[PDB]
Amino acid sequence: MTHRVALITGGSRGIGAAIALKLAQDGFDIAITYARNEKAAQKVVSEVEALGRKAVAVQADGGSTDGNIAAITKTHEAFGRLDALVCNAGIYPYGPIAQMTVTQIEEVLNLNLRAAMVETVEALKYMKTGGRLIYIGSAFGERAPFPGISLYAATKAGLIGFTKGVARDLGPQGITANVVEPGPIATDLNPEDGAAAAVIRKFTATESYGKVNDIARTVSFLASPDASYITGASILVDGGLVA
């Protein structure tokens, strides 16, 4: 228990993986959650270990409350402490509101909002003064500039409200709660080239997609002990999309 411990949900690839590595460099031991691809998770585990930190991968369905609880539980069993929770796992449904099914609605709520709520409750059994709760929201929580993202925008705006309320509750306990709001970020699964990306890019002021490091450095900034006076905050990292 000599190092701070960070749990990153969906930490096996993309933004999550980059956060895990950045926090490991900052001196956190690392737990990540993954739904299915054990090999991608073990790769992240190895890269964290190559930096001299301990890492563990926990299999968990972020869409289930049992999986939300088990992620915290297994992290605490592995390390004996919990210092930062980064709720990064999420999905992006896309389509006109009139075509959305009950299943899509339940899925996006369960993964993008309920998970964060349930994981936060469970984390607070273990977290102490100096703790950090960081939610990965979206710029689309503040602006929905094109059709097809009503469900996503709802869940991501929900995280802003949750963050404000939690920050208010935990202020005197010395735990902070903040939301990072990515714009379009290039990853394997979300490429920056092509006509669909061009449409999204046009709503950014920089006319570009960002990169995973743009988010990881902002999580690192918030997770620092020196960020003790930042709570309730939202940080847009979006190339000016919401401007």
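Residue positions are given as counts along the sequence shown, with the first one as 1.
Colleague: Can you let me know which of the two, 10 to 18 or 215 to 223, has the higher average C-alpha B-factor in the entry?
Modeller: Comparing 10 to 18 with 215 to 223, the higher mean C-alpha B-factor belongs to 10 to 18.
Colleague: Look over 102 to 110 and 73 to 81 in the entry and identify the one with the greater average Cα temperature factor.
Modeller: For C-alpha atoms only, the mean B-factor is higher in 73 to 81.
Colleague: Taking the values straight from the PDB record, which of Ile185, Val56, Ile175, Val180 has the highest C-alpha temperature factor?
Modeller: In this record, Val56 carries the highest C-alpha B-factor of the candidates.
Colleague: Based on what the PDB entry reports, which of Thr163, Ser138, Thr120, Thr129 has the top C-alpha B-factor?
Modeller: In the PDB entry, the greatest C-alpha B-factor among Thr163, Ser138, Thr120, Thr129 is found at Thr129.
Colleague: Lowest, middle or highest third of the chain for the C-alpha temperature factor of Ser228?
Modeller: Tercile = lowest for this residue's CA B-factor.
Colleague: Grab the CA temperature factor for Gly90 from the record and place it in the lowest, middle or highest third of its chain.
Modeller: Tercile = highest for this residue's CA B-factor.
Colleague: Within this chain, which third does the Cα B-factor at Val5 fall in: lowest, middle or highest?
Modeller: Its C-alpha B-factor belongs to the middle third of this chain's values.
Colleague: Could you look up the Cα B-factor of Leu241 in the entry and say which third of the chain it sits in: lowest, middle or highest?
Modeller: Within its chain, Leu241 is a middle-third residue by C-alpha B-factor, going by the deposited values.
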